[PDB]
$ cat query_12.txt   # compact mmCIF, C-alpha atoms and all ligand atoms
# COMPACT_ATOMS: atom_id res chain seq x y z
CA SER A 1 89.27 114.23 96.84
CA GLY A 2 87.28 116.09 99.51
CA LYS A 3 89.51 114.48 102.15
CA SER A 4 91.30 116.07 105.09
CA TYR A 5 93.38 113.35 106.68
CA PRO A 6 94.00 113.43 110.44
CA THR A 7 97.29 113.88 112.17
CA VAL A 8 98.71 110.80 113.86
CA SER A 9 101.79 110.67 116.05
CA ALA A 10 105.27 109.71 114.83
CA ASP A 11 105.01 106.45 116.78
CA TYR A 12 101.70 105.71 115.05
CA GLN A 13 103.27 106.31 111.63
CA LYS A 14 106.22 104.08 112.58
CA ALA A 15 103.79 101.30 113.49
CA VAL A 16 101.95 101.64 110.16
CA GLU A 17 105.21 101.23 108.25
CA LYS A 18 106.31 98.24 110.31
CA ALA A 19 102.89 96.59 110.12
CA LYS A 20 102.88 97.00 106.33
CA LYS A 21 106.10 94.97 106.11
CA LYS A 22 104.89 92.34 108.57
CA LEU A 23 101.63 91.99 106.68
CA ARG A 24 103.45 91.50 103.37
CA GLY A 25 105.46 88.56 104.64
CA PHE A 26 102.55 87.04 106.55
CA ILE A 27 100.00 87.32 103.73
CA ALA A 28 102.46 86.05 101.09
CA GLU A 29 103.44 83.03 103.19
CA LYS A 30 99.91 82.12 104.22
CA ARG A 31 98.53 82.48 100.65
CA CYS A 32 95.58 84.39 102.06
CA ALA A 33 95.69 87.61 100.02
CA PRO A 34 92.23 87.09 98.47
CA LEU A 35 90.65 86.39 101.86
CA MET A 36 92.24 89.56 103.28
CA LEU A 37 91.07 91.68 100.36
CA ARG A 38 87.58 90.26 100.99
CA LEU A 39 87.89 91.10 104.69
CA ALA A 40 88.87 94.71 104.07
CA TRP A 41 86.22 95.23 101.38
CA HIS A 42 83.44 93.65 103.50
CA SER A 43 84.39 95.93 106.39
CA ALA A 44 84.39 99.06 104.20
CA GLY A 45 81.46 98.22 101.92
CA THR A 46 78.76 98.66 104.56
CA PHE A 47 79.01 102.45 104.39
CA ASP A 48 75.70 104.26 103.86
CA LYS A 49 76.30 107.89 102.87
CA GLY A 50 72.80 109.11 103.85
CA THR A 51 73.15 108.05 107.51
CA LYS A 52 76.99 107.98 107.68
CA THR A 53 76.79 104.52 109.31
CA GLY A 54 79.02 101.53 108.63
CA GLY A 55 82.23 101.77 106.67
CA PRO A 56 85.87 100.92 107.42
CA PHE A 57 85.88 101.36 111.20
CA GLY A 58 87.00 97.97 112.39
CA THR A 59 83.60 96.46 113.21
CA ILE A 60 84.04 93.37 111.03
CA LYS A 61 85.86 91.68 113.94
CA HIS A 62 82.65 91.69 115.99
CA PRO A 63 80.98 88.25 116.15
CA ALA A 64 77.65 89.89 115.21
CA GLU A 65 79.03 91.22 111.89
CA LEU A 66 80.99 88.02 111.14
CA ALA A 67 77.63 86.21 111.42
CA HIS A 68 76.17 88.08 108.43
CA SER A 69 75.79 85.51 105.67
CA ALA A 70 77.82 87.60 103.20
CA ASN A 71 80.67 87.37 105.75
CA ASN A 72 80.73 83.54 105.86
CA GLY A 73 84.38 82.52 106.30
CA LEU A 74 85.78 85.90 107.33
CA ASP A 75 86.12 84.69 110.91
CA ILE A 76 89.16 82.79 109.61
CA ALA A 77 90.68 86.04 108.35
CA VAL A 78 90.10 87.82 111.66
CA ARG A 79 91.68 84.92 113.57
CA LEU A 80 94.69 84.79 111.24
CA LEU A 81 95.39 88.50 111.80
CA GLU A 82 94.88 88.65 115.54
CA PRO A 83 98.43 87.60 116.60
CA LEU A 84 99.93 90.16 114.21
CA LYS A 85 97.54 92.90 115.34
CA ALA A 86 98.66 92.23 118.88
CA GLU A 87 102.21 93.26 117.90
CA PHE A 88 100.83 96.73 116.95
CA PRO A 89 98.64 97.72 119.90
CA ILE A 90 98.81 101.42 118.93
CA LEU A 91 97.00 100.83 115.61
CA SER A 92 93.25 100.87 115.23
CA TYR A 93 91.73 97.65 113.95
CA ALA A 94 90.24 99.79 111.18
CA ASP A 95 93.64 100.96 109.98
CA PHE A 96 95.10 97.47 110.36
CA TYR A 97 92.41 95.73 108.30
CA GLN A 98 92.41 98.38 105.58
CA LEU A 99 96.23 98.15 105.46
CA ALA A 100 95.91 94.37 105.11
CA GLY A 101 93.63 94.91 102.12
CA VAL A 102 96.09 97.30 100.47
CA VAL A 103 98.91 94.81 101.13
CA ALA A 104 96.87 91.89 99.71
CA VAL A 105 96.59 93.77 96.41
CA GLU A 106 100.30 94.69 96.40
CA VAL A 107 101.79 91.29 97.21
CA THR A 108 99.77 89.62 94.47
CA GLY A 109 101.22 92.09 91.91
CA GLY A 110 98.48 94.71 91.81
CA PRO A 111 98.68 98.47 92.01
CA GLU A 112 100.05 100.34 95.02
CA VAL A 113 96.90 101.73 96.65
CA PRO A 114 97.61 104.90 98.65
CA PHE A 115 97.07 104.52 102.38
CA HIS A 116 96.40 107.18 105.01
CA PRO A 117 96.17 106.32 108.72
CA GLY A 118 93.82 107.58 111.40
CA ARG A 119 90.54 105.64 111.25
CA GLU A 120 88.96 105.34 114.67
CA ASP A 121 87.31 102.08 115.62
CA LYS A 122 83.51 102.40 116.02
CA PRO A 123 81.58 100.56 118.74
CA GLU A 124 78.61 99.17 116.81
CA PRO A 125 78.43 97.07 113.60
CA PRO A 126 76.01 98.26 110.90
CA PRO A 127 72.88 96.26 110.09
CA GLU A 128 73.12 93.12 107.93
CA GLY A 129 72.23 93.29 104.25
CA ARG A 130 74.29 96.10 102.72
CA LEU A 131 76.83 93.95 100.85
CA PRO A 132 75.94 93.02 97.27
CA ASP A 133 73.94 89.93 96.32
CA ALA A 134 75.68 87.74 93.75
CA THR A 135 72.41 86.73 92.07
CA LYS A 136 71.31 90.29 91.23
CA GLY A 137 72.26 92.68 88.44
CA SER A 138 73.14 96.22 87.50
CA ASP A 139 70.27 97.99 89.26
CA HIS A 140 71.31 96.28 92.50
CA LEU A 141 74.98 97.11 92.01
CA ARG A 142 74.08 100.78 91.59
CA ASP A 143 71.86 100.64 94.70
CA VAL A 144 74.73 99.25 96.84
CA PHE A 145 77.84 100.95 95.43
CA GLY A 146 76.10 104.14 94.34
CA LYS A 147 73.07 104.96 96.49
CA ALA A 148 74.65 103.57 99.69
CA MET A 149 78.45 103.79 99.37
CA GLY A 150 78.51 106.82 97.07
CA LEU A 151 80.94 105.31 94.55
CA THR A 152 80.79 105.77 90.76
CA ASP A 153 79.93 103.38 87.93
CA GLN A 154 83.64 103.31 87.05
CA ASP A 155 84.41 102.29 90.63
CA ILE A 156 81.85 99.43 90.41
CA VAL A 157 83.54 97.86 87.40
CA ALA A 158 87.09 98.42 88.65
CA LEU A 159 86.29 97.03 92.11
CA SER A 160 84.56 93.97 90.57
CA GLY A 161 88.06 93.21 89.27
CA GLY A 162 89.01 92.31 92.85
CA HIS A 163 87.68 88.85 91.78
CA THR A 164 90.85 88.62 89.69
CA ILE A 165 92.27 87.01 92.85
CA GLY A 166 90.62 84.27 94.88
CA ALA A 167 87.69 81.96 94.64
CA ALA A 168 84.24 81.13 95.88
CA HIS A 169 83.53 78.19 98.19
CA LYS A 170 80.37 76.07 98.20
CA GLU A 171 80.43 76.06 102.02
CA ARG A 172 80.61 79.87 102.24
CA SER A 173 78.52 81.57 99.50
CA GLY A 174 77.58 78.35 97.69
CA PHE A 175 79.34 79.38 94.50
CA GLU A 176 82.54 77.46 93.80
CA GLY A 177 85.93 78.02 92.22
CA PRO A 178 88.25 80.76 91.00
CA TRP A 179 87.44 83.50 88.47
CA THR A 180 90.93 83.23 86.97
CA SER A 181 93.56 80.64 86.07
CA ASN A 182 95.99 82.36 88.46
CA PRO A 183 93.98 83.16 91.61
CA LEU A 184 97.01 84.53 93.52
CA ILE A 185 97.99 86.89 90.71
CA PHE A 186 96.39 90.33 90.49
CA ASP A 187 96.04 91.30 86.82
CA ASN A 188 93.25 92.12 84.32
CA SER A 189 92.39 88.46 83.68
CA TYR A 190 89.01 88.74 85.45
CA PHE A 191 87.84 90.90 82.53
CA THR A 192 89.44 88.70 79.87
CA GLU A 193 87.72 85.63 81.33
CA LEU A 194 84.37 87.44 81.72
CA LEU A 195 84.51 88.40 78.00
CA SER A 196 85.58 84.98 76.69
CA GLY A 197 82.54 83.32 78.26
CA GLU A 198 82.35 80.32 80.53
CA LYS A 199 85.48 78.16 80.69
CA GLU A 200 85.49 74.92 82.65
CA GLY A 201 87.02 75.24 86.11
CA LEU A 202 86.36 79.03 86.20
CA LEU A 203 83.54 80.93 87.91
CA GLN A 204 81.22 83.73 86.75
CA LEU A 205 78.56 85.07 89.14
CA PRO A 206 75.35 86.64 87.80
CA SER A 207 76.65 89.90 89.29
CA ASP A 208 79.83 89.60 87.15
CA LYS A 209 77.81 88.90 84.00
CA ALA A 210 75.64 91.98 84.68
CA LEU A 211 78.65 94.11 83.74
CA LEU A 212 78.64 92.75 80.19
CA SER A 213 75.15 93.90 79.22
CA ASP A 214 75.05 97.33 80.88
CA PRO A 215 75.69 100.33 78.58
CA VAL A 216 77.99 102.10 81.06
CA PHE A 217 79.72 99.04 82.59
CA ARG A 218 80.51 97.22 79.33
CA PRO A 219 82.81 99.89 77.80
CA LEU A 220 84.74 99.76 81.11
CA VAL A 221 85.05 95.95 80.98
CA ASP A 222 86.32 96.26 77.42
CA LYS A 223 88.80 99.00 78.40
CA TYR A 224 90.21 96.97 81.28
CA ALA A 225 90.49 93.77 79.20
CA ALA A 226 92.47 95.72 76.58
CA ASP A 227 94.51 97.91 78.91
CA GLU A 228 95.73 96.53 82.24
CA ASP A 229 97.41 99.86 83.09
CA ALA A 230 94.05 101.58 82.84
CA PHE A 231 92.52 98.90 85.06
CA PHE A 232 95.30 99.31 87.63
CA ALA A 233 94.84 103.10 87.74
CA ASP A 234 91.07 102.96 88.14
CA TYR A 235 91.33 100.05 90.61
CA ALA A 236 93.77 101.95 92.84
CA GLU A 237 91.46 105.00 92.76
CA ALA A 238 88.39 102.93 93.63
CA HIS A 239 90.04 100.86 96.37
CA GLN A 240 91.43 104.01 98.01
CA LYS A 241 87.97 105.58 97.96
CA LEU A 242 86.36 102.40 99.30
CA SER A 243 88.93 102.13 102.10
CA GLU A 244 88.23 105.74 103.13
CA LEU A 245 84.40 105.83 103.02
CA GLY A 246 83.14 107.99 105.86
CA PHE A 247 86.75 108.73 106.86
CA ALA A 248 88.51 112.08 106.76
CA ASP A 249 85.54 113.92 105.29
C1 LIG B 1 80.39 93.54 92.73
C2 LIG B 1 79.64 92.95 93.66
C3 LIG B 1 80.20 91.70 94.33
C4 LIG B 1 79.59 90.53 94.52
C5 LIG B 1 78.15 90.15 94.13
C6 LIG B 1 80.54 89.64 95.16
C7 LIG B 1 80.33 88.33 95.51
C8 LIG B 1 81.28 87.43 95.92
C9 LIG B 1 81.06 86.05 96.27
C10 LIG B 1 79.69 85.33 96.20
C11 LIG B 1 82.23 85.53 96.65
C12 LIG B 1 82.54 84.11 97.11
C13 LIG B 1 82.63 84.00 98.63
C14 LIG B 1 82.97 82.58 98.98
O1 LIG B 1 82.13 81.69 98.68
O2 LIG B 1 84.09 82.32 99.49
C15 LIG B 1 83.22 86.58 96.57
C16 LIG B 1 84.55 86.42 96.86
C17 LIG B 1 85.50 87.39 96.78
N1 LIG B 1 85.25 88.76 96.59
FE1 LIG B 1 83.49 89.52 95.93
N2 LIG B 1 81.72 90.31 95.35
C18 LIG B 1 81.55 91.58 94.87
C19 LIG B 1 82.48 92.59 94.93
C20 LIG B 1 83.76 92.49 95.41
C21 LIG B 1 84.65 93.60 95.60
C22 LIG B 1 84.28 95.05 95.33
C23 LIG B 1 85.81 93.09 96.00
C24 LIG B 1 87.12 93.78 96.36
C25 LIG B 1 87.61 94.79 95.65
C26 LIG B 1 85.67 91.66 96.10
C27 LIG B 1 86.63 90.77 96.47
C28 LIG B 1 86.46 89.42 96.60
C29 LIG B 1 87.53 88.49 96.78
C30 LIG B 1 89.03 88.79 96.78
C31 LIG B 1 86.91 87.15 96.88
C32 LIG B 1 87.65 85.82 97.05
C33 LIG B 1 87.74 85.36 98.49
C34 LIG B 1 88.58 84.10 98.65
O3 LIG B 1 89.38 83.73 97.74
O4 LIG B 1 88.43 83.51 99.74
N3 LIG B 1 84.39 91.32 95.75
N4 LIG B 1 82.62 87.73 96.13
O1 LIG B 2 82.28 87.81 99.39
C1 LIG B 2 81.39 88.47 98.86
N1 LIG B 2 81.67 89.56 98.14
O2 LIG B 2 82.89 89.90 97.89
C2 LIG B 2 79.98 87.94 99.03
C3 LIG B 2 79.81 86.67 99.58
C4 LIG B 2 78.56 86.12 99.77
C5 LIG B 2 77.42 86.85 99.39
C6 LIG B 2 77.54 88.13 98.85
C7 LIG B 2 78.78 88.70 98.64
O3 LIG B 2 78.87 89.93 98.13
NA NA B 3 94.30 86.21 88.91
$ encode --input "query_12.txt" --output "structure tokens" --more "lines below"
Ligand code: HEM
Ligand SMILES: O=C(NO)c1ccccc1O
Ligand code: NA
Amino acid sequence: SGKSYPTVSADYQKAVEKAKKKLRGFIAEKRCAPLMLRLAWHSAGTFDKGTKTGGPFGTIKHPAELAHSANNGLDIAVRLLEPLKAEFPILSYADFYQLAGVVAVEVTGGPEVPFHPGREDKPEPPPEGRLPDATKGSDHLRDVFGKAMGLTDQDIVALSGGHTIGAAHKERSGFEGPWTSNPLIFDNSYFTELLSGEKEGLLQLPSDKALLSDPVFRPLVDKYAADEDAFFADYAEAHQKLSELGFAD
């Protein structure tokens, strides 16, 4: 929607296809899908529509951006991918990381998020502080996803469902544990667990709980808890948009 994707060479397209396969096997074996989804989303989620700065242009590999507190632990993800990236010198880091995020969702059983190549790596990381704060609520979520990224309220709730895989770590954010009973399985359980309340061994952030009390977010939580197909459709739409912020406009 509103996108005009660039032309890339046949050899570039060949590399995308081969890298997709290599990433599947690597991410599945290493059990790092959630960390790779977090990497891709943290790279993309810095987009500010007003200034057209940040976004999915490969800058998350820069030591300066990895040092942002919201990126605690993503240095591990960058290191894990570097040997594989080196097998695909023709690819931009931006394309590679966004492809890794799409693959992370696929190999855990989630929707097939469309992918288009051609992002060009940008020289300078954006300023720290654009990623969302786990202790804040719905006004903050709309500031970050809406006023900065330019995504919709539907996209906020669907993308929050990325917590359906993975966990927090007390040494990284300070929060601790998985949102779901099957942290390597991508399904609608994040919403089921959010709605059933606190269960021992499972995590809810204040930012997750904010979805339950908001008049626009709550009907979406309910929809996704009742209808995984609907969640998968809206998730794929939102993740594609996120992965393409500032790209091919
Ligand atoms: C809605 C606002 C969000 C907030 C406040 C938030 C906050 C957090 C926090 C505090 C952690 C734990 C980090 C750690 O301690 O390891 C985390 C992890 C994670 N986030 Fe988010 N997040 C948000 C949105 C998203 C989005 C949009 C996605 C992707 C679609 C996402 C994907 C993930 C994943 C997969 C993990 C698990 C990482 C792992 O298992 O190592 N999050 N998030
Ligand atoms: O990993 C995160 N989000 O996915 C995250 C981690 C720490 C602080 C804020 C955040 O948004
Ligand atoms: Na899960």
$ closest_residue --input "query_12.txt" --among "A:96, A:154, A:4, A:66" --to "residue 142 in chain A" --atoms "all atoms listed in the file"
A:154
$ residues_around --input "query_12.txt" --residues "residue 230 in chain A" --least-positions-apart "3" --cutoff "12 Å" --atoms "all atoms listed in the file" --output "list in words"
residues 111, 154, 158, 187, 188, 220, 221, 222, 223, 224, 225, 226, 227, 233, 234, 235, 236 and 237 of chain A
$ residues_near_point --input "query_12.txt" --point "(84.6, 100.2, 112.8)" --cutoff "12 Å" --atoms "all atoms listed in the file" --output "PyMOL selection string"
chain A and resi 40+42-47+53-62+65+92-98+118-126+243-247
$ closest_residue --input "query_12.txt" --among "A:86, A:100, A:148, A:35" --to "ligand LIG 1 (chain B)" --atoms "all atoms listed in the file"
A:35
$ closest_residue --input "query_12.txt" --among "A:101, A:117, A:50, A:110" --to "residue 13 in chain A" --atoms "only C-alpha atoms"
A:117
$ closest_residue --input "query_12.txt" --among "A:76, A:195, A:168, A:102" --to "ligand LIG 2 (chain B)" --atoms "all atoms listed in the file"
A:168
$ residues_near_ligand --input "query_12.txt" --ligand "ligand NA 3 (chain B)" --cutoff "12 Å" --atoms "all atoms listed in the file" --output "NGL selection string"
:A and (33-34 or 105 or 108-110 or 161-167 or 178-193 or 202)
$ build_atoms --input "query_12.txt" --residues "range 156-178 of chain A" --atoms "N, CA and C atoms" --output "PDB file, in the frame of the given file"
ATOM      1  N   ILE A 156      82.512 100.751  90.372  1.00  0.00           N
ATOM      2  CA  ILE A 156      81.850  99.430  90.410  1.00  0.00           C
ATOM      3  C   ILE A 156      82.586  98.418  89.545  1.00  0.00           C
ATOM      4  N   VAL A 157      82.908  98.796  88.317  1.00  0.00           N
ATOM      5  CA  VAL A 157      83.540  97.860  87.400  1.00  0.00           C
ATOM      6  C   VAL A 157      84.971  97.584  87.854  1.00  0.00           C
ATOM      7  N   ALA A 158      85.707  98.629  88.210  1.00  0.00           N
ATOM      8  CA  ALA A 158      87.090  98.420  88.650  1.00  0.00           C
ATOM      9  C   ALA A 158      87.142  97.537  89.897  1.00  0.00           C
ATOM     10  N   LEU A 159      86.290  97.818  90.867  1.00  0.00           N
ATOM     11  CA  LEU A 159      86.290  97.030  92.110  1.00  0.00           C
ATOM     12  C   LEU A 159      85.829  95.578  91.880  1.00  0.00           C
ATOM     13  N   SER A 160      84.947  95.336  90.916  1.00  0.00           N
ATOM     14  CA  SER A 160      84.560  93.970  90.570  1.00  0.00           C
ATOM     15  C   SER A 160      85.777  93.146  90.161  1.00  0.00           C
ATOM     16  N   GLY A 161      86.777  93.814  89.579  1.00  0.00           N
ATOM     17  CA  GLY A 161      88.060  93.210  89.270  1.00  0.00           C
ATOM     18  C   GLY A 161      88.859  92.709  90.458  1.00  0.00           C
ATOM     19  N   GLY A 162      88.423  92.977  91.687  1.00  0.00           N
ATOM     20  CA  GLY A 162      89.010  92.310  92.850  1.00  0.00           C
ATOM     21  C   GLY A 162      88.848  90.790  92.776  1.00  0.00           C
ATOM     22  N   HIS A 163      87.863  90.284  91.975  1.00  0.00           N
ATOM     23  CA  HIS A 163      87.680  88.850  91.780  1.00  0.00           C
ATOM     24  C   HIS A 163      88.783  88.268  90.883  1.00  0.00           C
ATOM     25  N   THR A 164      89.702  89.102  90.428  1.00  0.00           N
ATOM     26  CA  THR A 164      90.850  88.620  89.690  1.00  0.00           C
ATOM     27  C   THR A 164      91.797  87.815  90.590  1.00  0.00           C
ATOM     28  N   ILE A 165      91.647  87.934  91.915  1.00  0.00           N
ATOM     29  CA  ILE A 165      92.270  87.010  92.850  1.00  0.00           C
ATOM     30  C   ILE A 165      91.195  86.283  93.656  1.00  0.00           C
ATOM     31  N   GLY A 166      91.483  85.038  94.004  1.00  0.00           N
ATOM     32  CA  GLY A 166      90.620  84.270  94.880  1.00  0.00           C
ATOM     33  C   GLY A 166      89.575  83.432  94.184  1.00  0.00           C
ATOM     34  N   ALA A 167      88.661  82.972  95.024  1.00  0.00           N
ATOM     35  CA  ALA A 167      87.690  81.960  94.640  1.00  0.00           C
ATOM     36  C   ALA A 167      86.495  81.975  95.550  1.00  0.00           C
ATOM     37  N   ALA A 168      85.393  81.420  95.053  1.00  0.00           N
ATOM     38  CA  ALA A 168      84.240  81.130  95.880  1.00  0.00           C
ATOM     39  C   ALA A 168      84.316  79.712  96.422  1.00  0.00           C
ATOM     40  N   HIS A 169      83.558  79.480  97.486  1.00  0.00           N
ATOM     41  CA  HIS A 169      83.530  78.190  98.190  1.00  0.00           C
ATOM     42  C   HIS A 169      82.085  77.775  98.440  1.00  0.00           C
ATOM     43  N   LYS A 170      81.747  76.544  98.062  1.00  0.00           N
ATOM     44  CA  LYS A 170      80.370  76.070  98.200  1.00  0.00           C
ATOM     45  C   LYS A 170      79.873  76.087  99.640  1.00  0.00           C
ATOM     46  N   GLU A 171      80.788  75.987 100.614  1.00  0.00           N
ATOM     47  CA  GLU A 171      80.430  76.060 102.020  1.00  0.00           C
ATOM     48  C   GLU A 171      80.257  77.474 102.586  1.00  0.00           C
ATOM     49  N   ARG A 172      80.700  78.478 101.824  1.00  0.00           N
ATOM     50  CA  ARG A 172      80.610  79.870 102.240  1.00  0.00           C
ATOM     51  C   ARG A 172      79.433  80.501 101.484  1.00  0.00           C
ATOM     52  N   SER A 173      79.629  80.992 100.259  1.00  0.00           N
ATOM     53  CA  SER A 173      78.520  81.570  99.500  1.00  0.00           C
ATOM     54  C   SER A 173      77.657  80.466  98.888  1.00  0.00           C
ATOM     55  N   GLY A 174      78.262  79.351  98.510  1.00  0.00           N
ATOM     56  CA  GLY A 174      77.580  78.350  97.690  1.00  0.00           C
ATOM     57  C   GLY A 174      78.120  78.261  96.287  1.00  0.00           C
ATOM     58  N   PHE A 175      78.603  79.396  95.758  1.00  0.00           N
ATOM     59  CA  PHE A 175      79.340  79.380  94.500  1.00  0.00           C
ATOM     60  C   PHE A 175      80.698  78.703  94.724  1.00  0.00           C
ATOM     61  N   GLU A 176      81.363  78.298  93.656  1.00  0.00           N
ATOM     62  CA  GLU A 176      82.540  77.460  93.800  1.00  0.00           C
ATOM     63  C   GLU A 176      83.545  77.686  92.687  1.00  0.00           C
ATOM     64  N   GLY A 177      84.775  77.997  93.098  1.00  0.00           N
ATOM     65  CA  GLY A 177      85.930  78.020  92.220  1.00  0.00           C
ATOM     66  C   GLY A 177      86.442  79.429  91.959  1.00  0.00           C
ATOM     67  N   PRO A 178      87.593  79.492  91.295  1.00  0.00           N
ATOM     68  CA  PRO A 178      88.250  80.760  91.000  1.00  0.00           C
ATOM     69  C   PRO A 178      87.701  81.433  89.753  1.00  0.00           C
TER      70      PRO A 178
END
